[PDB]
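What follows is a short report on a single structure.
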Ligand SMILES: O=c1cnn([C@@H]2O[C@H](COP(=O)(O)O)[C@@H](O)[C@H]2O)c(=O)[nH]1
Ligand SMILES: O=c1cnn([C@@H]2O[C@H](COP(=O)(O)O)[C@@H](O)[C@H]2O)c(=O)[nH]1
Ligand SMILES: [Cl-]
Ligand SMILES: [Cl-]
Ligand SMILES: [Cl-]
Ligand SMILES: [Cl-]
Ligand SMILES: [Mg+2]
Ligand SMILES: [Mg+2]
């Protein structure tokens, strides 16, 4: 009852040039059927980039927009994003339950999915987010959230998040490669890993993706 | 310090280009600063920012609630300033490195970062509020000079002003629709942000005029 992510690998396509983003995504298409598109690409090339990716590749689209506004604005952001063809959207939990519920309501109405970001993968996440993360996760469970994002860079924290959300929830995890998270270790807890720079900055992105997949072969 | 006409910033969150341009045009004599967010940008494209500057000459604050890792924050700020935004709103909750990433790009491109410390909606009480004073102190430590705090809790807005000092610039949303009072908010904030009370009004011009009339002794 979850999205079927090919090879447990999601491409974080954060190149800001349309031609480059299209080239690299095309090059790794045989390995990946799920692409995470964020604001670096969307603010550079427009929401029609989601359309273009759909048309060009057979890929699901997760809009990594880290939605973090008041409920009224969150609703509008989700509506615009799903209208453009995103399958799912990533939403911050730290602004509270009403802000998350606004996103869930739009997703329910529009037949799409919310991913709740609990803890983040970068060093600064330790300052405020980490201390709230278990409660944000528990809040997500109470709100009926089924999809979550947690940090590969902190295996102990990722393990705890998996415990809180349960085995049935879907968990994806960034911070793999460039930020130091290990693909295999991360897949102990996450359903899929998110990988950006390790793939898209490689001299041969296809070889990079193939290499990650070979390293996790027995987990597929 | 940014000089906001009438201490009033229009939150232009209409999602149609024609309506957004028409309504902004109707209130142009009252404002010179417009806050543009994702509702309009995701619906009409980042080119709308240059169009606002071409039509109105207004300052543009990009309310993008920037809340990613430092590397991604850098890219978001670069794309946003390339589109002609004068300033960007950044969440403090993701920590100091994420804020510093934004400050670096703003310095490079001659723009400003506004640090959002406490939000105006009820859910802000769950996690943000208890971190807000510390987020503000982090802003001070980082050399942030521009801040955003909640009209809906004037005691919290006053505390934010206390932390950042009189020299810092403070703008405040939640006025009107969310219940904040224009005059009370301006006791502590340099400028108020107003969206729906203006842009959903039967007569936006009269709405803006009315707000300004209510604070005329503060201008
Ligand atoms: O806690 C998080 C949440 N999201 N991302 C996003 O995941 C991707 C990671 O890419 P990378 O492999 O190049 O580090 C980027 O798009 C980044 O904004 C994180 O890195 N950490
Ligand atoms: O703590 C915050 C931060 N930002 N905003 C933004 O300020 C505007 C408020 O508009 P309104 O007057 O229509 O409520 C909207 O764009 C909203 O996303 C808030 O309302 N509260
Ligand atoms: Cl709201
Ligand atoms: Cl930090
Ligand atoms: Cl980073
Ligand atoms: Cl709430
Ligand atoms: Mg310079
Ligand atoms: Mg008055």
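Computed from the coordinates by the stated procedures, all read-outs in this text should not be read as laboratory data. Cβ atoms come from the backbone with ideal geometry, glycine included; neighbour counts cover every protein chain shown.
Within the stretch B:106-115, can one find any residue that is more than 16 Å from ligand 6 (Cβ to nearest atom) and touching a residue at least 60 places away in the same chain (Cβ under 8 Å)? Checked the stretch B:106-115: at least one residue is more than 16 Å from ligand 6 (Cβ to nearest atom) and touching a residue at least 60 places away in the same chain (Cβ under 8 Å). Here is the figure for the stretch B:194-219: residues that are within 16 Å of ligand 8 (Cβ to nearest atom), away from chain A (no Cβ under 14 Å) and either in a helix (DSSP H, G or I) or over 21 Å from residue B:150 (Cβ atoms) (or both) total 12.
If I filter the stretch A:44-83 down to residues being away from ligand 3 (no atom under 16 Å from the Cβ) and in a strand (DSSP E or B), which single residue comes out as nearest to the other protein chains (Cβ to nearest Cβ)? Selected residue: A:66.
Whether a residue is farther than 30 Å from residue B:209 by Cα and surrounded by fewer than 19 Cβ atoms within 10 Å (Cβ to Cβ) was assessed, and residue B:3 does not pass this test.
Identify all residues within the stretch B:111-138 that are part of a loop (DSSP other than H, G, I, E, B) and at the interface with chain A (Cβ under 7 Å from one of its Cβ atoms); write none if there are none. Matches in the stretch B:111-138: B:119, B:120, B:121, B:126, B:127.
Yes/no matrix, rows are residues, columns are (1) over 29 Å from residue B:37 (Cβ atoms); (2) touching a helix residue (DSSP H, G or I) at 6+ places or on another chain (Cβ under 9 Å); (3) surrounded by fewer than 23 Cβ atoms within 10 Å (Cβ to Cβ):
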position: A:12; (1), (2), (3): no, yes, no
position: A:15; (1), (2), (3): no, yes, yes
position: A:20; (1), (2), (3): no, yes, yes
position: A:37; (1), (2), (3): no, yes, no
position: A:45; (1), (2), (3): no, yes, yes
position: A:48; (1), (2), (3): no, no, yes
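Entry remark, the stretch B:86-100: residues being more than 9 Å from every other protein chain (Cβ to nearest Cβ) and either under 23 Å from residue A:121 (Cβ atoms) or touching a helix residue (DSSP H, G or I) at 6+ places or on another chain (Cβ under 6 Å) (or both) number 3 in total. Just so you know, in the stretch B:178-194 the residues that are without any contact (Cβ under 8 Å) to a residue 40 or more places away in the chain and either under 18 Å from residue B:116 (Cβ atoms) or within 16 Å of ligand 1 (Cβ to nearest atom) (or both) include one that is surrounded by the fewest Cβ atoms within 10 Å (Cβ to Cβ), and it is B:188. Is it the case, given these coordinates, that residue A:60 is touching a residue at least 40 places away in the same chain (Cβ under 8 Å), surrounded by fewer than 24 Cβ atoms within 10 Å (Cβ to Cβ) and under 16 Å from the mean Cα position of the chain (by Cα)? So residue A:60 fits the description; yes. Can you confirm whether residue A:108 is more than 7 Å from chain B (Cβ to nearest Cβ) and either farther than 20 Å from residue B:93 by Cα or not in a loop (DSSP other than H, G, I, E, B) (or both)? Answer is yes for this residue. Of the residues making up the stretch B:168-177, those that are away from every other protein chain (no Cβ under 14 Å) and either touching a residue at least 60 places away in the same chain (Cβ under 8 Å) or part of a strand (DSSP E or B) (or both) number 3.
Conditions: (1) part of a helix (DSSP H, G or I); (2) more than 10 Å from chain A (Cβ to nearest Cβ); (3) under 26 Å from residue B:205 (Cα atoms). Residue B:36 meets all but one. Number of the miss? Failed condition: (1). The condition (being surrounded by fewer than 19 Cβ atoms within 10 Å (Cβ to Cβ), away from ligand 8 (no atom under 16 Å from the Cβ), away from chain A (no Cβ under 14 Å) and under 18 Å from residue B:124 (Cα atoms)) is satisfied by just one residue among B:155, B:162: B:155. In the stretch B:139-152, the qualifying residues are those that are surrounded by 20 or more Cβ atoms within 10 Å (Cβ to Cβ) and within 20 Å of residue B:64 (Cα to Cα), and the one that is nearest to the other protein chains (Cβ to nearest Cβ) is B:150.
Here is a yes/no grid of residues against (1) more than 15 Å from the chain's Cα centre (by Cα); (2) closer than 24 Å to residue A:1 by Cα; (3) more than 16 Å from ligand 4 (Cβ to nearest atom):
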{"site": "A:79", "(1), (2), (3)": "yes, yes, yes"}
{"site": "A:87", "(1), (2), (3)": "no, yes, yes"}
{"site": "A:107", "(1), (2), (3)": "yes, yes, yes"}
{"site": "A:128", "(1), (2), (3)": "yes, no, no"}
